[PDB]
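> just to be clear, this is only the beginning of the complex, oriented as in the whole thing:
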Amino acid sequence: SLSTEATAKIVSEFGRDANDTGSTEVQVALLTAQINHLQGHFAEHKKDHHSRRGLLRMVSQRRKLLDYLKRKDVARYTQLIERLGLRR
Amino acid sequence: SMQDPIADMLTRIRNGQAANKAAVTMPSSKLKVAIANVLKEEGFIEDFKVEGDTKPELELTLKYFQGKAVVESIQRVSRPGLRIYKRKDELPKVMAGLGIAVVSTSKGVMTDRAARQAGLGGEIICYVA
């Protein structure tokens, strides 16, 4: 999936502090990584549907984490989108 | 996924009594207990205890009379996605009276017979005969 390094790296920039990987913000950010990094893999090949299946699962999922965050605290939500430049 | 914990409790007992299980454990919870009380005060179950400190497990000791179990019939009624609420003058009578119907009134979880006298109605729950 994603490199162990790039992982821990992002777990800090968005993680509530460190050692924690459950933080909503974290997950969302972590997903966006593969989501974006995969665009390249899919920009090429294309016919690799089975792999796409995984891609969408990440998107649809992130959509929930984000949507959820907005409900539990609009703040973190609005800010989170900014750093990852999402929501159109 | 678990969308109705009450149903699981009732099912656990019916399937338990069928297999002649000494008792039956499960994740306790206020309502579950309150309902169990009625079952105890009615002689359908021997006793019950909720262990655990941060994870309550309700131990429901099944009961059997002669060559059969006490609870011969127990099915949920006011299930989700279709709740049922009756009036004091509209309380159901299980097995012509020989049976009971757990009802959650504003006064608490009591048997139909009892609530019907307390001059109050409420949401049925199931029929234990």
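Arrived safely. Numbering: from 1, shown residues only, chains lettered A, B, ... in the order given.
> for residue B:117, see how far away the spatially most central residue of chain B is.
With distances taken as Cα atoms, centre = their mean, the residue of chain B nearest its centroid is residue B:35 (4.7 Å). Distance, residue B:35 to residue B:117, by Cβ to Cβ, to the nearest Å: 19 Å. Every residue, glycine included, has its C-beta placed from N, CA and C.
> tell me the phi and psi of the residue sitting furthest away from the middle of chain A?
The outermost residue of chain A, judged against the average C-alpha position, is residue A:47 (23.6 Å), by Cα atoms, centre = their mean. Dihedral pair for residue A:47: phi -60, psi 0, per degrees, to the nearest 10.
> just the helices in the chain please.
Looking at chain A here, since you left the chain open. A:4-13, A:24-43, A:49-72, A:74-84 (DSSP state H).
> try chain B instead
In chain B, the segments counted as helices under DSSP H are B:5-18, B:30-40, B:112-117.
> as TSV, those helices with distance to residue B:72 would be great.
Below are the helices of chain B laid out as TSV (distance: least, Cβ to Cβ, whole Å):
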stretch	distance to residue B:72
helix B:5-18	8
helix B:30-40	14
helix B:112-117	18
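> now for chain C:
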Amino acid sequence: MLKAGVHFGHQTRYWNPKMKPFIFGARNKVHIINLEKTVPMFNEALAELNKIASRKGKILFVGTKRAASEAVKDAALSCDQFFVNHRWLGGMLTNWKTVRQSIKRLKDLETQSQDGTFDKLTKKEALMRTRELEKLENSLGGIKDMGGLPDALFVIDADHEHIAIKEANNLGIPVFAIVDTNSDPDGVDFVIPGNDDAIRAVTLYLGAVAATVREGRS
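One more chain to add, chain C, which I have set with the ones above:
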């Protein structure tokens, strides 16, 4: 736990989840009957037998299994008790009215040899009846003198003599038997969790019951 300590469990691992409540442990791929309830069950049942035995109650012992057959016939003959150690004919109980006629032959035929009323007739003819008696003694033999269903039934093993118990519990005839793991206690109304095998195991209780029977009738 006297001589009882000389039989332990039985049946490797085929067992039967129904006998679980009567099992103790299982070493070397074999369950061991929990004596903790075995011997306690012993008296509880044995007492009932003598209870009705007192009224000369018709007792019918069952045990076709070769290894234990001979023993059963002997013990059950220690009094008005009866026995069956040769292929439990289908109906000798539930179909007594019909099976009885067979016993009659065993009688009327025995008298033939029993008395001088046999020497007559050619070899072939006589021979024909001699062979016939043999077989009859196997099955009816140990029941030829029981004009009527037994007051109670006692079979060694359940599974094996399953057919017997079925006809018994149908006539309301109290069924007493020794079941072990693989056996099914849902039939015998008086379970006796013991090794249904071992020559020592069979005779052990076989004589035990017999005794309580002779002493049963005052």
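> in contact with the residue nearest to the centre of chain B, which residues are there?
Residue B:35 makes contact with B:6, B:9, B:102, B:109, B:125, according to Cβ atoms under 8 Å, 6 or more residues apart in numbering or on different chains.
> for chain C, which strand is longest?
strand C:152-157 (DSSP state E).
> packing partners for whichever helix or strand comes after that one?
Per DSSP states H and E, strand C:152-157 leads on to helix C:162-171 as the next helix or strand towards the C-terminus. On a contact count with 3 or more Cβ pairs under 8 Å, 6 or more residues apart in numbering or on different chains; DSSP states H and E, helix C:162-171 meets strand C:152-157, strand C:175-178.
> residues in contact with helix C:162-171?
So helix C:162-171 is contacted by C:62, C:84, C:88, C:90-91, C:93-94, C:149, C:153, C:155, C:158, C:174-175, C:177, C:184, C:187-189 (Cβ under 8 Å, 6+ apart).
> next, the angle from it to strand C:152-157.
Per axes from the mean of the first three to the mean of the last three Cα atoms, to 10 degrees, the angle that helix C:162-171 makes with strand C:152-157 is 160 degrees.
> can you slot in RNA strand D too:
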RNA sequence: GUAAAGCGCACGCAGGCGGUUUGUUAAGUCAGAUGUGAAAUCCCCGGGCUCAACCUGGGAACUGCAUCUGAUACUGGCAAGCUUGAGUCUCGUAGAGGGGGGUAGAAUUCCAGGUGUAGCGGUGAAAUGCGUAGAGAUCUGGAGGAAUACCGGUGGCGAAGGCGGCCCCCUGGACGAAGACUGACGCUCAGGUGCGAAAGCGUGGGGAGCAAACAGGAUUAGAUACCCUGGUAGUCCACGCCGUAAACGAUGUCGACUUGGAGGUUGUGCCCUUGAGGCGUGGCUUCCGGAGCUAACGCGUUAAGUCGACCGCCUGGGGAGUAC
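To build on what is shown above, here is RNA strand D added in:
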């Protein structure tokens, strides 16, 4: 499941449903009251025409709606959480999971040449066909396309369709476990979106073997077939379309319970592990079978048993999955 009926399969908006604790609210729920619910019908009790129909006094009912006053268990709203659901991280594990690109050996066919000589090929026989312009057989060299013996399995992976040589590159999911983290972020899903065997369609390639069409030979009464001799599309590839199948477990998805037996595959823990190993314990998977279920066959902890949440579908046969 087989009688009519599980969408071919997924993702998922709306919608429906929602683990657990405390507080709070009181909207649904419940209790009481006040209005109102025309009278007449209906029903109960009782009257009057000689009875009855009929007529009539009072009550019950009008199961509803509104408001007022409370009750707070349950559902809902709010606040604060909690960790067992779900998810993230770490480290491991197996795999024909997918896309791209290489590559190897066996074999078929074809081309060239040597040896060699009268048959080969085919069938039940035959015949068509191929042979003296030298086949077949055999040997040597070369060209090319397709598929990967053995391993191989009751096997494995995938949502389904489906996926087998070896290597690299890019990439998805699943599982176990010492745990660490988030804190109900979940389940289902009309419409919608995407994936869809084979055949088929378009453009451009490719084309060895097999083979609809087609052409011969045969069989037969006939033989627009089965068989034989050939052989085009196609089968192969790229990109676009088609969207169907007995798309089958003929069995929707999610979760919880309910005797047992024998086996497979994979993770992991313990055991002189000194051992092949034995014992546990998760995931997935065969067959047998108990209770129970079922019209029966059968299913049977991977249920068609016992339950809860959501969805899809059926309502006699033909006409017809046809017409418009």
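> the longest strand of chain C pairs with which strands?
strand C:59-62 (parallel), strand C:175-178 (parallel) (DSSP bridges).
> show me chain C divided up by domain.
With domains defined by CATH domains of a matching chain, chain C comprises C:21-88+C:152-218, C:89-140.
> distance to residue A:23 and mean neighbour count for the ones you listed - can I get that in JSON lines?
Formatted as JSON lines, the domains of chain C follow (distance: least, Cβ to Cβ, whole Å; neighbours: other Cβ atoms under 10 Å in any protein chain shown):
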{"stretch": "domain C:21-88+C:152-218", "distance to residue A:23": "52", "mean neighbour count": "19"}
{"stretch": "domain C:89-140", "distance to residue A:23": "76", "mean neighbour count": "14"}
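> among those, which is nearest RNA strand D?
When the domains of chain C are compared by Cβ to the nearest atom of the strand, domain C:21-88+C:152-218 sits nearest RNA strand D, at 8.0 Å.
> ok, now which ones touch the spatially most central residue of chain C?
Geometric centre of chain C, nearest residue: residue C:62, 1.6 Å, by Cα atoms, centre = their mean. Residues near residue C:62 by Cβ under 8 Å, 6+ apart: C:72, C:83-85, C:88, C:153-156, C:161, C:164, C:177.
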